[PDB]
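Given next, in structure tokens, is a single chain: the form solved without adenosine monophosphate (AMP).
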């Protein structure tokens, strides 16, 4: 392993919230939702939440100030009190933070960093600095789930961040949702409709493979390709890639194009296996499988283990993927496991 494993959380610890992308958490009509997420962090996990100075100044300020976003991260990391850093929400332009990041400040201050979607860029900040981060729940989307948090997400947070024991087998969620419910306070007492779940889907493969995890939102990863933010070649060696599609529902052909580029970099030929998150609203659920299998066929990778319909990405509930942690794709059973603890 080439990534520092951060120390586990425990009640009483300080957790900093940041807005590395969209600054919507500071907005007047979305603020209620942020405070609700904070409320769950304090009550369900016994944590203390401290927002970094610029993280709530509104989406207008934060957009025009990518520099202000970066120093929030630096402030959060350089603070020895802060034990974990959780992104409020994704967005789309956190790549503008690139020339303002002190990677050394991350390397010297190892701690839990969590988020997904566009926060993937921030995960590449930690990765390059040599720090293992966590692809998982964000404040506005997961910790602020109306009425009550999903027991599945809560369980997975306890196992990955609050326990130093091996995570192990990851079971599919009993139900799932991606239903659109506007973040206006009039809806805080309304539950979201849950669709029943199917379980994991094995597209191809017939052996049990083991590799370290790397990847994220497949759209967002394109933003960093060709840049200095892109991980070294040694990181892709013997790896389990995880991809997931965003809320914008990318056309099946774009999934094909992007996978073709991973083969052009030689990444797909290095992988031990691949896992895919559940598409939002299960849109293009069948079309995506066609394009994935076509690419593997085009590049003679028809024996590379691929798991489908996992509970991570733009669908709730989620589990947590620690970057660099050893994972396992059991084709014989169609199961997925993380063969170590998320935290030291």
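Positions refer to the first chain, counted from 1.
Participant: Between 86 to 94 and 187 to 195, which has the higher average C-alpha B-factor in the PDB entry?
Facilitator: Mean B over CA atoms: larger for 187 to 195.
Participant: Determine, for stretches 28 to 36 and 271 to 279, which one has the higher mean CA B-factor as deposited.
Facilitator: Result of the comparison: 28 to 36.
Participant: Between 78, 261, 245, 177, which carries the biggest CA temperature factor in the record?
Facilitator: When the deposited C-alpha B-factors of 78, 261, 245, 177 are compared, 78 is largest.
Participant: Highest CA temperature factor in the entry: which of 215, 205, 136, 231?
Facilitator: It is 205.
Participant: Thinking about Cα B factors across the chain, which third does residue 118 belong to?
Facilitator: Lowest third - that is where residue 118 ends up once the chain's C-alpha B-factors are sorted.
Participant: Name the third of the chain's ranked CA B-factors that contains residue 300, choosing lowest, middle or highest.
Facilitator: CA B-factor rank for residue 300: highest third.
Participant: Hey, what third does residue 23 fall into on Cα B-factor, ranked over its chain?
Facilitator: Middle third of the chain for residue 23's C-alpha B-factor.
Participant: Within this chain, which third does the Cα B-factor at residue 331 fall in: lowest, middle or highest?
Facilitator: It belongs to the highest third of the chain when residues are ordered by C-alpha B-factor.
Participant: Going by the entry, which third of its chain does the Cα temperature factor of residue 309 land in?
Facilitator: It belongs to the lowest third of the chain when residues are ordered by C-alpha B-factor.
If you look for the form deposited with adenosine monophosphate (AMP) bound, you will not find it shown, but the lines that follow are about it.
Participant: Using a 4.5 Å heavy atom cut-off, which residue among 228, 182, 189, 232 comes into contact with adenosine monophosphate (AMP) in the deposited complex?
Facilitator: Checked against the cut-off, the match is 182.
Participant: Out of 241, 126, 117, 173, which one falls within 4.5 Å of adenosine monophosphate (AMP) in the deposited complex, going by heavy atoms?
Facilitator: Looking at 241, 126, 117, 173 one by one, just 117 meets the 4.5 Å heavy-atom criterion.
Participant: Is residue 205 close to adenosine monophosphate (AMP) in the deposited complex, meaning a heavy atom pair under 4.5 Å apart or at it?
Facilitator: Flag for residue 205 set to no.
Participant: Residue-level contact is defined here as any heavy atom of the residue lying within 4.5 Å of adenosine monophosphate (AMP) in the deposited complex; does residue 252 satisfy this criterion?
Facilitator: Result no; residue 252 lies far from adenosine monophosphate (AMP) in the deposited complex.
Participant: Test of understanding: in the deposited complex, would residue 93 fall inside 4.5 Å of adenosine monophosphate (AMP) by heavy atoms?
Facilitator: No, no contact at 4.5 Å.
Participant: Any of the heavy atoms of residue 222 lying within 4.5 Å of adenosine monophosphate (AMP) in the deposited complex?
Facilitator: Residue 222: no, not in contact with adenosine monophosphate (AMP) in the deposited complex.
Participant: I need the one stretch from 97 to 105, 264 to 272, 162 to 170, 84 to 92 whose residues put non-hydrogen atoms within 4.5 angstroms of adenosine monophosphate (AMP) in the deposited complex.
Facilitator: So the stretch in question is 84 to 92.
Participant: Need the contact residues for 187 to 220: heavy atom within 4.5 Å of adenosine monophosphate (AMP) in the deposited complex, sequence order, or none if there are none.
Facilitator: Contacts from 187 to 220: none.
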